Structures are given as C-alpha cells and as structure tokens.
Amino acid sequence: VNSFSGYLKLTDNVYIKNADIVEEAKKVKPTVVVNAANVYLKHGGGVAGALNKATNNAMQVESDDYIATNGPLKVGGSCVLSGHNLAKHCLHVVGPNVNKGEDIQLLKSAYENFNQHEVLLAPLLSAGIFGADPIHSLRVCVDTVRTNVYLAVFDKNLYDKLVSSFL
Ligand SMILES: Cc1ncc(C)c(N)n1
C-alpha cells in the first residue's frame with residue numbers, strides 16, 4: 001500500500017492523475033520525483049522550472065555543482081540528486097526535445113531510467129514544452145516502465161484525452 005490518492009489505474013504498474021507535480025510532491029513526499037530535465041540541468045520552465053521554483057532555487061544550485069563536476073547528461077540519460085523539500089530524491093531524466101530536433105526513439109531510453117526505482121511520481125517525458133505527442137509518451141511509458149509509476153498530468157483537457165484514448 002502507498003500514499004498516492006485519486007489516481008486512475010491504467011495497467012498493473014502505471015497510474016495517472018490530473019495534478020500539479022509540485023503540489024502532489026509536496027503532499028506525498030515520495031521517495032522519487034522525476035524532473036523533466038535537459039542535459040545542462042537548466043531548470044528554466046515547464047516541469048523543471050516549476051519544481052526548481054518550489055525548492056527556492058536549491059535544485060538549480062545543486063544542479064550547477066553537478067554539471068561543473070560531471071558535465072552534461074546524455075539525451076535519454078538521468079542522474080539522481082536531492083529531492084529537497086519535495087521528495088527524498090529527484091531523478092532528473094532527459095527526454096528528447098522535439099523543438100531541438102532530437103530522436104524520439106530516445107524516449108524509450110529515457111523511460112528505462114524509471115526501472116531503477118521501485119516507485120516514482122513523474123510527468124510524461126518529452127511532453128509539454130519538449131514538443132512530443134503526450135499520447136505517444138504515455139504509450140512508451142506503459143510499454144517500457146515495469147516499476148510502479150504515478151503520472152501527474154498538468155492539463156485537465158489533456159488528462160481526459162489521455163484516459164479516453166488509452167488502449
Ligand atoms: C505534471 C506537470 N507538468 C508541468 C508542470 C508545470 C507541472 N507543475 N506539472
């Protein structure tokens with residue numbers, strides 16, 4: 001049994017809710033919240049911008065030190081950093097950004113990072129300002145992630161379309 005409330009069950013392991021990942025993280029304090037990161041961990045907008053704002057910029061400070069030591073992530077890659085006031089850990093995952101011309105096949109690689117964590121609160125990778133089709137992102141999630149994932153979807157309109165169209 002876990003703390004997550006109000007989710008619709010899509011599959012054995014994938015659950016979805018119309019929610020603000022920030023407000024959901026603040027309520028649940030999950031072991032892992034996933035950030036929709038870029039390779040530079042520059043958390044300027046969308047999921048990354050909102051999560052970072054909720055940490056009072058502590059996520060960005062920590063991220064800048066990570067990049068100065070390790071250099072950029074790979075598209076499709078991830079790193080584990082602090083969850084600050086939102087979660088125990090933040091899994092920063094880089095989905096491909098279609099608005100930069102990145103290969104959408106890297107979306108599966110991105111979701112494979114979730115399998116290293118038994119339970120996660122996450123957004124749909126490569127959705128929103130990353131430019132991918134969220135319907136496609138949800139399909140790749142369901143077909144890739146085997147651990148228990150609780151998806152928070154920002155738009156009520158998009159949420160209803162994801163549920164109605166789910167196979
Ligand atoms: C799931 C989600 N996507 C985007 C934003 C900004 C947010 N707060 N939550």
# chains A, B, ... in the order shown; residues from 1 in each chain; ligands from 1
call {"tool": "residues_near_ligand", "arguments": {"ligand": "ligand 1", "cutoff": "8 Å", "atoms": "only C-alpha atoms and all ligand atoms", "output": "MDAnalysis selection string"}}
result
chainID A and resid 19:23 45:51 122:124 128 151:155
call {"tool": "select_by_dssp", "arguments": {"residues": "chain A", "states": "strand (DSSP E or B)", "output": "PyMOL selection string"}}
result
chain A and resi 8-9+14-18+32-36+78-82+89-93+119-122+148-153
call {"tool": "write_last_selection", "arguments": {"atoms": "N, CA, C and O atoms", "output": "compact mmCIF listing (two decimals), in the first residue's frame"}}
result
# COMPACT_ATOMS: atom_id res chain seq x y z
N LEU A 8 -6.20 7.11 -11.43
CA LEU A 8 -6.85 6.09 -12.26
C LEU A 8 -5.77 5.06 -12.56
O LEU A 8 -4.61 5.42 -12.93
N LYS A 9 -6.09 3.78 -12.48
CA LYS A 9 -5.18 2.68 -12.79
C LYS A 9 -5.23 2.42 -14.27
O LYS A 9 -6.32 2.08 -14.80
N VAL A 14 1.05 1.21 -13.86
CA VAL A 14 1.00 2.62 -14.26
C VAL A 14 -0.33 3.21 -13.84
O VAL A 14 -1.42 2.64 -14.16
N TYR A 15 -0.26 4.35 -13.20
CA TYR A 15 -1.39 5.10 -12.65
C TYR A 15 -1.32 6.52 -13.13
O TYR A 15 -0.18 7.04 -13.39
N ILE A 16 -2.43 7.22 -13.25
CA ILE A 16 -2.43 8.60 -13.81
C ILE A 16 -3.41 9.48 -13.06
O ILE A 16 -4.53 8.99 -12.64
N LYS A 17 -3.10 10.75 -12.95
CA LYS A 17 -3.99 11.72 -12.26
C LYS A 17 -3.83 13.09 -12.89
O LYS A 17 -2.70 13.44 -13.31
N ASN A 18 -4.89 13.88 -12.97
CA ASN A 18 -4.80 15.33 -13.27
C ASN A 18 -4.32 16.03 -12.02
O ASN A 18 -5.05 16.14 -11.07
N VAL A 32 10.85 9.18 -4.75
CA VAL A 32 11.40 9.71 -6.02
C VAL A 32 10.37 10.58 -6.73
O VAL A 32 9.28 10.07 -7.05
N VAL A 33 10.74 11.82 -7.04
CA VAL A 33 10.01 12.64 -8.03
C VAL A 33 10.91 12.73 -9.25
O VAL A 33 12.13 12.97 -9.13
N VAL A 34 10.32 12.56 -10.41
CA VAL A 34 11.05 12.72 -11.68
C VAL A 34 10.93 14.16 -12.18
O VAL A 34 9.84 14.70 -12.22
N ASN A 35 12.08 14.71 -12.56
CA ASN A 35 12.12 16.01 -13.26
C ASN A 35 12.28 15.77 -14.76
O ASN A 35 13.05 14.90 -15.19
N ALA A 36 11.58 16.57 -15.53
CA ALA A 36 11.72 16.69 -17.00
C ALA A 36 12.91 17.60 -17.29
O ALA A 36 12.76 18.78 -17.58
N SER A 78 20.01 10.16 -17.20
CA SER A 78 19.46 10.64 -15.94
C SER A 78 20.55 10.78 -14.89
O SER A 78 21.66 10.20 -15.04
N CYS A 79 20.22 11.48 -13.84
CA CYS A 79 21.03 11.44 -12.60
C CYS A 79 20.09 11.57 -11.43
O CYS A 79 19.01 12.13 -11.56
N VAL A 80 20.53 11.05 -10.30
CA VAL A 80 19.79 11.15 -9.03
C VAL A 80 20.39 12.26 -8.20
O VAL A 80 21.62 12.22 -7.90
N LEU A 81 19.60 13.23 -7.81
CA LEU A 81 20.02 14.33 -6.92
C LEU A 81 19.02 14.43 -5.79
O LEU A 81 18.09 13.60 -5.69
N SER A 82 19.21 15.39 -4.92
CA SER A 82 18.29 15.59 -3.81
C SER A 82 16.90 15.90 -4.30
O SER A 82 16.70 16.59 -5.28
N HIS A 89 14.42 11.97 -3.14
CA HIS A 89 15.33 12.10 -4.29
C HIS A 89 14.57 12.70 -5.45
O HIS A 89 13.37 12.49 -5.62
N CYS A 90 15.32 13.39 -6.32
CA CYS A 90 14.83 13.77 -7.65
C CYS A 90 15.62 13.02 -8.71
O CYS A 90 16.88 13.13 -8.73
N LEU A 91 14.92 12.27 -9.53
CA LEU A 91 15.52 11.63 -10.70
C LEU A 91 15.35 12.57 -11.87
O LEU A 91 14.24 12.76 -12.39
N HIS A 92 16.45 13.21 -12.27
CA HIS A 92 16.44 14.14 -13.42
C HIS A 92 16.59 13.31 -14.68
O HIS A 92 17.64 12.66 -14.85
N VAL A 93 15.57 13.24 -15.52
CA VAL A 93 15.56 12.41 -16.72
C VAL A 93 15.46 13.32 -17.93
O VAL A 93 14.57 14.16 -17.99
N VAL A 119 9.22 2.80 -7.03
CA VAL A 119 8.03 3.68 -7.07
C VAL A 119 8.46 5.09 -7.44
O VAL A 119 9.42 5.61 -6.84
N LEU A 120 7.73 5.75 -8.32
CA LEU A 120 8.08 7.13 -8.74
C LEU A 120 6.83 7.94 -8.95
O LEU A 120 5.82 7.41 -9.48
N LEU A 121 6.91 9.22 -8.66
CA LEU A 121 5.97 10.27 -9.13
C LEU A 121 6.61 10.94 -10.31
O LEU A 121 7.77 11.39 -10.21
N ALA A 122 5.93 11.04 -11.43
CA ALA A 122 6.59 11.52 -12.67
C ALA A 122 5.63 12.28 -13.55
O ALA A 122 4.42 12.02 -13.54
N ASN A 148 6.56 0.86 -10.45
CA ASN A 148 5.25 1.49 -10.21
C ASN A 148 5.36 3.00 -10.38
O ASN A 148 6.05 3.68 -9.59
N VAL A 149 4.68 3.50 -11.36
CA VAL A 149 4.79 4.92 -11.74
C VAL A 149 3.42 5.59 -11.63
O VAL A 149 2.41 5.07 -12.14
N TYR A 150 3.45 6.72 -10.94
CA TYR A 150 2.29 7.58 -10.72
C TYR A 150 2.50 8.83 -11.53
O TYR A 150 3.40 9.66 -11.22
N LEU A 151 1.75 8.97 -12.60
CA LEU A 151 1.91 10.07 -13.58
C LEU A 151 1.00 11.20 -13.18
O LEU A 151 -0.25 11.03 -13.04
N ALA A 152 1.57 12.41 -13.13
CA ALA A 152 0.81 13.66 -12.88
C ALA A 152 0.74 14.41 -14.20
O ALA A 152 1.79 14.75 -14.78
N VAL A 153 -0.47 14.73 -14.61
CA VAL A 153 -0.73 15.49 -15.84
C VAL A 153 -1.35 16.81 -15.44
O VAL A 153 -2.44 16.82 -14.88
call {"tool": "residues_around", "arguments": {"residues": "residue 75 of chain A", "least_positions_apart": "5", "cutoff": "12 Å", "atoms": "only C-alpha atoms", "output": "PyMOL selection string"}}
result
chain A and resi 36-41+92-98+100-111+113+125-126
call {"tool": "closest_residue", "arguments": {"among": "A:87, A:145, A:135, A:129", "to": "residue 115 of chain A", "atoms": "only C-alpha atoms"}}
result
A:145
call {"tool": "atom_distance", "arguments": {"atom1": "atom CA of residue 130 of chain A", "atom2": "atom CA of residue 60 of chain A"}}
result
19.1 Å
call {"tool": "closest_residue", "arguments": {"among": "A:117, A:84, A:42, A:29", "to": "residue 67 of chain A", "atoms": "only C-alpha atoms"}}
result
A:42
call {"tool": "atom_distance", "arguments": {"atom1": "atom CA of residue 63 of chain A", "atom2": "atom CA of residue 4 of chain A"}}
result
27.4 Å
call {"tool": "decode", "arguments": {"residues": "segment 33-122 of chain A", "atoms": "C-alpha atoms", "output": "mmCIF file, in the first residue's frame"}}
result
data_model
loop_
_atom_site.group_PDB
_atom_site.id
_atom_site.type_symbol
_atom_site.label_atom_id
_atom_site.label_comp_id
_atom_site.auth_asym_id
_atom_site.auth_seq_id
_atom_site.Cartn_x
_atom_site.Cartn_y
_atom_site.Cartn_z
ATOM 1 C CA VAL A 33 10.008 12.639 -8.027
ATOM 2 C CA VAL A 34 11.052 12.721 -11.679
ATOM 3 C CA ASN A 35 12.120 16.006 -13.262
ATOM 4 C CA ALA A 36 11.721 16.694 -16.999
ATOM 5 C CA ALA A 37 15.343 17.785 -17.222
ATOM 6 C CA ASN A 38 17.615 18.936 -20.042
ATOM 7 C CA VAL A 39 21.264 17.867 -20.428
ATOM 8 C CA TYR A 40 22.538 21.085 -18.760
ATOM 9 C CA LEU A 41 20.118 20.748 -15.793
ATOM 10 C CA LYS A 42 18.975 24.323 -16.531
ATOM 11 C CA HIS A 43 15.561 24.301 -14.866
ATOM 12 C CA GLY A 44 14.014 27.306 -16.628
ATOM 13 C CA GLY A 45 10.387 26.299 -17.313
ATOM 14 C CA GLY A 46 7.767 23.522 -17.530
ATOM 15 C CA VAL A 47 8.234 20.664 -15.001
ATOM 16 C CA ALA A 48 11.882 21.619 -14.304
ATOM 17 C CA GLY A 49 11.092 25.360 -13.902
ATOM 18 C CA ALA A 50 8.135 24.662 -11.557
ATOM 19 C CA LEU A 51 9.967 22.039 -9.446
ATOM 20 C CA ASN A 52 13.009 24.279 -9.116
ATOM 21 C CA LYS A 53 10.862 27.313 -8.111
ATOM 22 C CA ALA A 54 9.212 25.167 -5.405
ATOM 23 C CA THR A 55 12.726 24.436 -3.970
ATOM 24 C CA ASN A 56 13.501 28.202 -3.824
ATOM 25 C CA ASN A 57 16.255 27.585 -6.464
ATOM 26 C CA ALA A 58 18.085 25.000 -4.290
ATOM 27 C CA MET A 59 17.568 22.421 -7.075
ATOM 28 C CA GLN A 60 19.367 24.756 -9.538
ATOM 29 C CA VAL A 61 22.241 25.429 -7.112
ATOM 30 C CA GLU A 62 22.767 21.684 -6.584
ATOM 31 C CA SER A 63 22.435 21.047 -10.334
ATOM 32 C CA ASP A 64 25.036 23.661 -11.229
ATOM 33 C CA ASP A 65 27.553 21.951 -8.933
ATOM 34 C CA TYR A 66 26.655 18.545 -10.511
ATOM 35 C CA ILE A 67 27.310 19.868 -14.037
ATOM 36 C CA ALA A 68 30.522 21.644 -13.029
ATOM 37 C CA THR A 69 31.829 18.286 -11.719
ATOM 38 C CA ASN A 70 30.370 15.787 -14.230
ATOM 39 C CA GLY A 71 29.484 17.679 -17.376
ATOM 40 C CA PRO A 72 26.155 17.410 -19.206
ATOM 41 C CA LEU A 73 23.825 14.421 -19.166
ATOM 42 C CA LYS A 74 23.054 12.429 -22.315
ATOM 43 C CA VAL A 75 19.675 12.733 -24.052
ATOM 44 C CA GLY A 76 17.909 9.604 -22.730
ATOM 45 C CA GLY A 77 20.019 9.667 -19.548
ATOM 46 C CA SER A 78 19.462 10.639 -15.937
ATOM 47 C CA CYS A 79 21.027 11.445 -12.599
ATOM 48 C CA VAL A 80 19.791 11.148 -9.031
ATOM 49 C CA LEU A 81 20.021 14.326 -6.918
ATOM 50 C CA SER A 82 18.291 15.585 -3.812
ATOM 51 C CA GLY A 83 14.521 15.935 -3.722
ATOM 52 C CA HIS A 84 14.891 18.956 -1.440
ATOM 53 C CA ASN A 85 11.517 19.823 0.138
ATOM 54 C CA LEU A 86 9.589 17.812 -2.472
ATOM 55 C CA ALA A 87 10.794 14.195 -2.212
ATOM 56 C CA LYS A 88 13.688 12.148 -0.855
ATOM 57 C CA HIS A 89 15.329 12.098 -4.290
ATOM 58 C CA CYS A 90 14.827 13.772 -7.652
ATOM 59 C CA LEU A 91 15.516 11.626 -10.701
ATOM 60 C CA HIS A 92 16.435 14.137 -13.419
ATOM 61 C CA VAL A 93 15.563 12.409 -16.719
ATOM 62 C CA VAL A 94 16.316 13.885 -20.150
ATOM 63 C CA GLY A 95 13.709 13.022 -22.729
ATOM 64 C CA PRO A 96 14.316 14.132 -26.317
ATOM 65 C CA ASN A 97 13.230 17.693 -27.074
ATOM 66 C CA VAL A 98 11.452 17.706 -30.468
ATOM 67 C CA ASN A 99 11.856 21.572 -30.533
ATOM 68 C CA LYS A 100 15.708 20.819 -30.710
ATOM 69 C CA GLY A 101 15.270 18.026 -33.370
ATOM 70 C CA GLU A 102 16.246 15.096 -31.024
ATOM 71 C CA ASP A 103 15.425 11.469 -31.984
ATOM 72 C CA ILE A 104 12.039 10.468 -30.467
ATOM 73 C CA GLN A 105 13.358 6.812 -30.285
ATOM 74 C CA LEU A 106 15.409 8.154 -27.328
ATOM 75 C CA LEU A 107 12.125 8.436 -25.391
ATOM 76 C CA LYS A 108 12.210 4.693 -24.626
ATOM 77 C CA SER A 109 15.797 5.004 -23.308
ATOM 78 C CA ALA A 110 14.645 7.938 -21.123
ATOM 79 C CA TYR A 111 11.808 5.896 -19.586
ATOM 80 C CA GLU A 112 14.160 2.948 -18.939
ATOM 81 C CA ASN A 113 15.731 5.060 -16.144
ATOM 82 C CA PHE A 114 12.483 4.708 -14.178
ATOM 83 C CA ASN A 115 13.089 0.934 -13.869
ATOM 84 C CA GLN A 116 15.937 1.623 -11.385
ATOM 85 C CA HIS A 117 13.340 2.866 -8.828
ATOM 86 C CA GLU A 118 10.546 0.771 -7.338
ATOM 87 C CA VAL A 119 8.030 3.679 -7.075
ATOM 88 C CA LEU A 120 8.079 7.132 -8.744
ATOM 89 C CA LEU A 121 5.967 10.266 -9.131
ATOM 90 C CA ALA A 122 6.589 11.515 -12.673
#
